[PDB]
């Protein structure tokens, strides 16, 4: 009953937005976990970016690639919504800076640059299987991976799978302490999620997050929140196949986030 209010809020949104919605909350401080449709499939959309950049750091540690190596930006590589890369045509960008761009602004060309350096969708999926994520899969690059059609298994995850994977990336030991901090900082420095969980974050708390939006109303956020008195809590919220406006989907995330935070501030 601890998450009773959260469950009620999710059920109300499910009805009002006639949507498929799933949530997973993992509390690393006491091993507690809760979910609603946590095993259901939803489109990753931009939430996959965190995994691709985690792989860049992991591959760098193994010596498979140099994160400081540069990649030439050609006008033909540009895809929809690439604020950082669109200003660097004809120039070279380091893989590390491409990850900074895609993690903090969600720049899509930057994400494709990272994917090309870490083995594409296939390399990313293989990496996920190695860390123990049996569900999440990446199959296409930007912009096609955002299609979000019902029943399509391509580019999907479950709320529980991605929350677990983020827990492992940031707090397990697959990545070095230095790289965990680097990945976490990229998420903390996200500039495009001010209207989601950040807008209801409790005073004194911290947050590292990455959100996404896509076809058929897909909307999501994967976040890690903590404070001086609360160890990391991983929150995964996904909506799919809804006609709801972006404002209504943001409203759903803010209401659910608020209730989740109340579980831990009350």
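Residue numbers count along the first chain shown, from 1.
- Per-stretch averaging of Cα B factors for 199-207 and 42-50 places 199-207 on top.
- Looking at 19-27 and 5-13 together, the entry lists the larger mean B-factor for 5-13, computed on C-alpha atoms.
- Listed residues 110, 71, 162, 188 were ranked by CA B-factor as deposited; 71 comes out on top.
- By the numbers in the PDB entry, the CA B factor is greatest at 89 among 101, 89, 115, 138.
- Ranked against the other modelled residues of its chain, the C-alpha B-factor of residue 194 as given in the entry falls in the lowest third.
- Per-chain ranking of the deposited C-alpha B factor places residue 145 in the middle third.
- Sort the modelled residues of the chain by CA B factor and residue 180 lands in the highest third.
- Ranked by C-alpha B-factor against the other modelled residues of its chain, residue 64 falls in the highest third.
- Among all modelled residues in its chain, residue 55 ranks in the middle third by Cα B-factor.
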